[PDB]
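See below for the structure under consideration.
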Amino acid sequence: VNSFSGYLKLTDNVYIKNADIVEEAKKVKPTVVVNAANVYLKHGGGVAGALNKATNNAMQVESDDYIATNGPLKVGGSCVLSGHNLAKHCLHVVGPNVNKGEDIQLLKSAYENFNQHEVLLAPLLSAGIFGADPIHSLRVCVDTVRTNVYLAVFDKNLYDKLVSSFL
Ligand SMILES: Cc1ccc(C[C@H](CO)Nc2ncnc3[nH]ccc23)cc1C
Ligand SMILES: [Cl-]
């Protein structure tokens, strides 16, 4: 039993809700919140911009030190950093950005990172400003993630389409 509330159950392990991941994380304080990261961990907009703003830029400061030491992530890759005031940990995951021409097949590799964590709060990878079809992203999530994932969808209209169209 966990403290996530108001989710619709899609499969044994995947759940979904129309919610603001920033507000969800502050309420639940999950063990792991997933960020929709880029390889440079530059959290300028989208989910990453919102999560970083909620940390008062501490996420960006930590991320800049990470990159200075380790260099950029891979598309499809991830790193574990602090969750600051939002969660114990933040799993920064790089889904392909279609608006950069990045291969959408890497979306499965991106979701595989979730399997290293028993329970996660997450957005749909490569959705929003990353340009992928959220219906495809949800399908890949369900077919790739085996651990317990609580998916937060900010937009109410989009959530209804994902649910009504879920096979
Ligand atoms: C119009 C529109 C907006 C957003 C999305 C999803 C992306 C992630 O898939 N953004 C987010 N998802 C969850 N919480 C969030 N908080 C801040 C940003 C954000 C899709 C579409 C079509
Ligand atoms: Cl977004």
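Numbers here simply count residues along the sequence, with the first being 1. In each ligand, atom 1 is the first atom listed, and ligand 1 is the first ligand listed. What's counted below: heavy atoms across the whole structure, side chains too, no hydrogens, waters or symmetry copies.
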Exercise for the section: Could you check whether the rings of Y150 and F4 sit parallel, tilted or perpendicular, using 30° and 60° as the cut-offs? Expected result: parallel
Handout entry: Rounded distance [0.5 Å steps], CZ in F114 versus CG in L91
Key = 7.0 Å
Which protein N or O atoms sit under 3.5 Å from any N or O of ligand 1? Give atom names and distances.
from: ligand 1; atom 1: 9 (O); to: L124; atom 2: O; distance (Å): 2.9

Exercise for the section: Taking all heavy atoms of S78 and all of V93, pick out the closest pair and write down the distance. Expected result: CB-CG2, 4.0 Å
Practice task
For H43 and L51, run side chain to side chain contact (heavy atoms under 4.5 Å, CB included): C-alpha distance rounded to whole Å, both residues' side-chain angles, the deciding distance at 0.1 Å, then the answer.
Solution key: CA-CA 8 Å; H43 309 301; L51 291 173; over 6 Å; no
Exercise for the section: For the pair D64 and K42, find out whether any cationic side-chain nitrogen is under 4.0 Å from an anionic carboxylate oxygen. Expected result: yes
Exercise for the section: Decide, yes or no, whether a salt bridge links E24 with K27 under the criterion of side-chain N to carboxylate O below 4.0 Å. Expected result: no
